[PDB]
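Since the structure comes first, as structure tokens, the remarks are kept for the end.
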Amino acid sequence: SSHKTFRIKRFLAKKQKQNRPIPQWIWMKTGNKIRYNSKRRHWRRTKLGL
Amino acid sequence: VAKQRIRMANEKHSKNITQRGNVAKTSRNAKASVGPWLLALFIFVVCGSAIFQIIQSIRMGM
Amino acid sequence: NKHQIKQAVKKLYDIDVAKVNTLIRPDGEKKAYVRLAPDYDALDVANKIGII
Amino acid sequence: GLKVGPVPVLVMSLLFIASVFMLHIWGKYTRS
Amino acid sequence: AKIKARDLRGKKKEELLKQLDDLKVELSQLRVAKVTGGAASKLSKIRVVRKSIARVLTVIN
Amino acid sequence: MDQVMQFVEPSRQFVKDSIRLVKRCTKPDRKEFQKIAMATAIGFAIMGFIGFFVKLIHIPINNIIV
Amino acid sequence: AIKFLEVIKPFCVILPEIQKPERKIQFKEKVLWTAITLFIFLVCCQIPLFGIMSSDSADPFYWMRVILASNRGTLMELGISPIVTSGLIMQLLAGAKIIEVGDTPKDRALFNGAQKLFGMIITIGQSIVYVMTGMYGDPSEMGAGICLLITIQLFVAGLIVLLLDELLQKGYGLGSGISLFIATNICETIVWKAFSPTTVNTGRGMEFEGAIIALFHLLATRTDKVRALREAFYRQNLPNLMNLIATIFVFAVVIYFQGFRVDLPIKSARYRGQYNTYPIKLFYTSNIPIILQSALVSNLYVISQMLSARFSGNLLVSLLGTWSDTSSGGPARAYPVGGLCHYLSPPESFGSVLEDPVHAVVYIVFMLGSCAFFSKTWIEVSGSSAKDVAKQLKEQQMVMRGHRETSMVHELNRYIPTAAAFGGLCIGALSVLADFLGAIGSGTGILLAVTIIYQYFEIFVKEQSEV
Ligand SMILES: [Mg+2]
């Protein structure tokens with residue numbers, strides 16, 4: 001809702017920032033195995049629970 | 001603004017059926033930011049340079 | 001807070017502040033809308049800071 | 001325009017350079 | 001011209017505070033440069049001035 | 001005063017803009033300045049030396065020919 | 001516009017157009033190409049024409065010879081001017097949109113090929129004039145045969161320059177050939193004068209011309225070291241170390257200001273990071289402005305001369321300009337004694353400046369204002385104004401972070417117009433300051449050489465960095 005607590009708005013903001021693709025220079029790192037961000041979240045497909 | 005212009009423009013666009021593939025992008029065909037007075041001034045500087053040098057050479061040629 | 005923002009802006013850049021508006025952005029950062037006194041030109045001040 | 005190599009551009013210039021020298025040598029020699 | 005802790009050991013509290021102030025002003029300018037198109041050299045200086053700030057504060061403490 | 005201010009203002013603004021622009025330029029640093037000078041100084045000498053020598057050889061040839 | 005281009009199309013079929021380099025030329029090969037192309041140019045500039053008999057004629061364009069890099073009494077009499085004047089006026093027309101050059105490679109090629117056509121035509125016109133006016137003799141007395149050889153020599157000699165320039169620009173060399181040649185004469189001019197082993201039989205006796213060399217001989221001969229140094233510093237008839245000191249002092253000032261630039265942050269609109277910088281150099285218009293200023297200065301002199309020599313009794317003519325062909329000691333020279341042109345002329349020395357301050361003041365005001373005016377307007381002609389630059393960036397999918405595509409023009413408008421105007425005022429000031437301090441050669445020439453060297457160095461570093 002628009003009516004929000006500071007603690008909830010701060011939790012949501014951190015979930016916003018984690019929800020990005022990995023930098024593409026991570027790919028060239030020497031021992032890298034990560035291909036993509038496997039922890040991407042979609043606001044419609046899966047819900048935060050809070 | 002004359003509201004009759006909707007009709008005029010609407011009818012005019014409907015005439016585009018006959019020139020499909022070459023419709024004009026803009027009806028308002030009708031500017032150089034470079035002012036004509038200044039453009040002429042720039043011409044008086046650049047173009048003349050070749051011409052005058054010839055004349056000065058001509059002056060020294062007689 | 002707004003009082004702290006106002007005093008920091010005055011001391012950092014030696015300008016005068018008319019008022020301050022604040023919001024917290026959806027990414028968690030706080031944005032301050034600092035208005036300068038009518039005798040200061042923000043455009044001139046932004047040049048000193050390096051914004052423009 | 002006409003397509004020409006770079007060395008021929010080099011060559012023709014050298015030909016022009018040497019030729020003028022020949023004229024200067026010829027001109028002075030005949031003037032003797 | 002780098003800041004080393006050995007240099008700062010004998011300095012008086014007032015000099016370190018003044019030395020700290022110069023670094024903090026310098027860092028603020030760099031963070032402006034970070035968003036206004038600074039050179040890669042200026043961006044790399046951010047970490048150097050941050051650890052310089054930590055060194056002075058460490059010696060003061 | 002209007003006609004004067006009509007002429008004065010564009011002049012006054014231009015100076016303010018120039019000061020504004022210069023403060024925004026990334027002027028070369030001391031290390032940058034020295035680096036550029038060495039390269040330009042070298043290019044200045046290399047280029048002049050080549051012409052110097054080339055000119056010096058021709059002089060006798062030119063005088064001998066003419 | 002298309003009609004004008006098309007009428008030039010049939011002629012462009014026959015013109016000699018260099019072939020592009022299919023294989024990526026290595027830096028070592030490119031540098032070689034430049035060195036030979038440079039070396040040949042010098043060989044041509046020194047060689048006198050065949051058939052000349054008189055060369056001591058006075059040079060009203062004594063200044064312009066260094067700028068356009070032309071040596072009187074040599075194959076490079078015409079220099080690059082038939083190209084520079086062509087290059088200038090083509091861009092002027094295209095910038096004025098008189099000739100709309102399409103994005104198609106053919107239209108671009110035909111535009112470029114067209115430029116050459118007028119470029120050689122200027123060469124032909126000037127060369128025919130240079131022969132017809134008899135700046136070397138009397139075509140009746142030389143004889144028609146001699147005349148033709150001089151003309152053909154001049155025509156191809158100018159031709160060779162164009163292809164050599166085209167060769168360098170087409171990737172075989174580096175940078176721009178035109179820039180290379182002009183800077184070439186300037187440095188040789190500075191270096192030779194300092195280290196000239198030629199000596200001059202002045203009334204006092206034989207004297208070395210070299211500012212550096214003369215000091216050594218005077219020091220090695222004159223017991224009075226102070227007298228030797230004093231004499232070696234103020235040879236008003238010969239270059240002096242004082243001028244050498246001034247020339248070096250200019251050299252520093254120009255470097256410091258050549259690096260000035262405004263770095264706008266940009267990125268790719270498609271990919272994260274990839275933060276890049278679009279630089280707005282202080283000399284945005286480069287050396288072009290002062291070149292225009294000199295011509296407009298030259299144009300006024302010609303008009304002032306022609307009207308004075310016919311109607312000197314008219315008040316308007318006197319105000320426009322008055323000339324006296326003073327010929328005391330040296331070769332005859334037409335100097336402006338009265339009228340507007342006189343103030344428009346550059347005072348030679350500080351002493352002359354101090355004698356009549358208003359002459360320098362009016363000269364300063366016009367030279368600065370003209371240089372700024374030429375730069376300010378050249379932006380809308382050069383096709384590098386804010387709207388143009390924004391169009392290029394959008395094509396490249398670049399954008400300013402946090403900005404819409406349409407607000408980049410406004411951001412670019414902050415710096416581009418001001419950089420252009422102020423860019424001219426600074427480059428105009430530097431030429432005035434160099435000449436006032438007595439730099440060896442000319443500030444304009446000095447500015448050109450240093451600026452070109454940096455640009456030639458800029459590609460040097462970029463090419464060197466890749467390897
Ligand atoms: Mg649901």
Side-chain angles (χ1 to χ4, degrees), chain D, chain G residues 8-22 25 29-30 32-33 36-37 39-52 74-75 109-110 112-114 116-117 120 146 149-150 152-168 170-173:
Chain D
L2 180 42
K3 277 174 183 186
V4 184
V7 161
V9 174
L10 165 159
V11 163
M12 279 333 154
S13 70
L14 293 126
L15 152 65
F16 183 113
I17 286 150
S19 59
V20 177
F21 276 110
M22 149 274 284
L23 294 164
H24 270 88
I25 297 161
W26 169 350
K28 196 194 187 184
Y29 263 114
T30 34
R31 276 179 167 171
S32 299
Chain G
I8 292 153
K9 193 162 181 191
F11 298 83
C12 284
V13 180
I14 305 161
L15 304 176
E17 185 181 359
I18 290 172
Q19 287 190 32
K20 272 184 185 167
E22 289 201 327
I25 301 169
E29 179 162 351
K30 289 196 183 178
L32 187 61
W33 279 102
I36 164 175
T37 297
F39 178 87
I40 172 178
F41 195 106
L42 308 205
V43 165
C44 162
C45 74
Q46 319 151 265
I47 287 153
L49 265 61
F50 181 67
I52 295 187
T74 69
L75 293 167
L110 191 134
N112 318 335
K116 295 167 204 164
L117 178 64
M120 46 209 113
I146 303 190
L149 319 153
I150 288 162
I152 280 175
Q153 276 198 359
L154 287 160
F155 152 68
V156 186
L159 200 141
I160 283 155
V161 178
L162 166 152
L163 296 311
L164 265 49
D165 156 74
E166 187 179 346
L167 165 86
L168 306 167
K170 277 196 157 174
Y172 287 86

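The sequence lines fix the lettering, A, B, ..., with proteins before strands; numbering per chain opens at 1.
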So, taking the atom named CD1 in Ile160(G) and the one named CG in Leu10(D), what distance separates them when rounded to the nearest 0.5 Å?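 Rounded to the nearest 0.5 Å, the CD1-CG separation comes to 10.5 Å.
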
Could you look at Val13(G) and say if it's the side chain, the backbone, both or neither that has a heavy atom under 4.5 Å from chain D?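 Just the backbone, heavy atoms under 4.5 Å.
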
Pick one of side chain, backbone, both or neither for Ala109(G), based on which atoms fall under 4.5 Å of a heavy atom in chain D.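 For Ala109(G), neither part sits under 4.5 Å from chain D.
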
Over all atoms of both residues, closest heavy-atom pair of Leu2(D) and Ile14(G):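 Between these two residues, the closest heavy atoms are CB-O, 4.1 Å.
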
Under the rule for side-chain contact (heavy atoms from CB on, under 4.5 Å), what residues qualify as partners of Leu159(G), not counting sequence neighbours?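 With neighbours one apart ignored, the set is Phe155(G), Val156(G), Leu163(G).
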
Excluding sequence neighbours, so at least two apart, what forms side-chain contact (heavy atoms from CB on, under 4.5 Å) with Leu15(G)?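 For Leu15(G) the side-chain contact (heavy atoms from CB on, under 4.5 Å) partners, ignoring immediate neighbours, are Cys12(G), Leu117(G), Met120(G).
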
Using a cut-off of under 4.5 Å on heavy-atom pairs, state which of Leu110(G), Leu167(G), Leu149(G), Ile47(G) scores highest against chain D.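 Sorted descending by pairs with chain D, the first entry is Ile47(G).
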
Which residue out of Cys44(G), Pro21(G), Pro48(G) racks up the most heavy-atom pairs below 4.5 Å with chain D?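 When all of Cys44(G), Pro21(G), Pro48(G) are compared, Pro48(G) has the most.
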
Interface of chain D and chain G, donor-acceptor atom pairs under 3.5 Å:
residue: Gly1(D); atom: N; partner: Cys12(G); partner atom: O; Å: 3.4
residue: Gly1(D); atom: N; partner: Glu17(G); partner atom: OE1; Å: 2.5
residue: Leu2(D); atom: N; partner: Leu15(G); partner atom: O; Å: 2.4
residue: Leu2(D); atom: O; partner: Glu17(G); partner atom: N; Å: 2.5
residue: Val4(D); atom: N; partner: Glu17(G); partner atom: O; Å: 3.4
residue: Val4(D); atom: O; partner: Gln19(G); partner atom: N; Å: 3.0
residue: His24(D); atom: NE2; partner: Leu49(G); partner atom: O; Å: 2.9

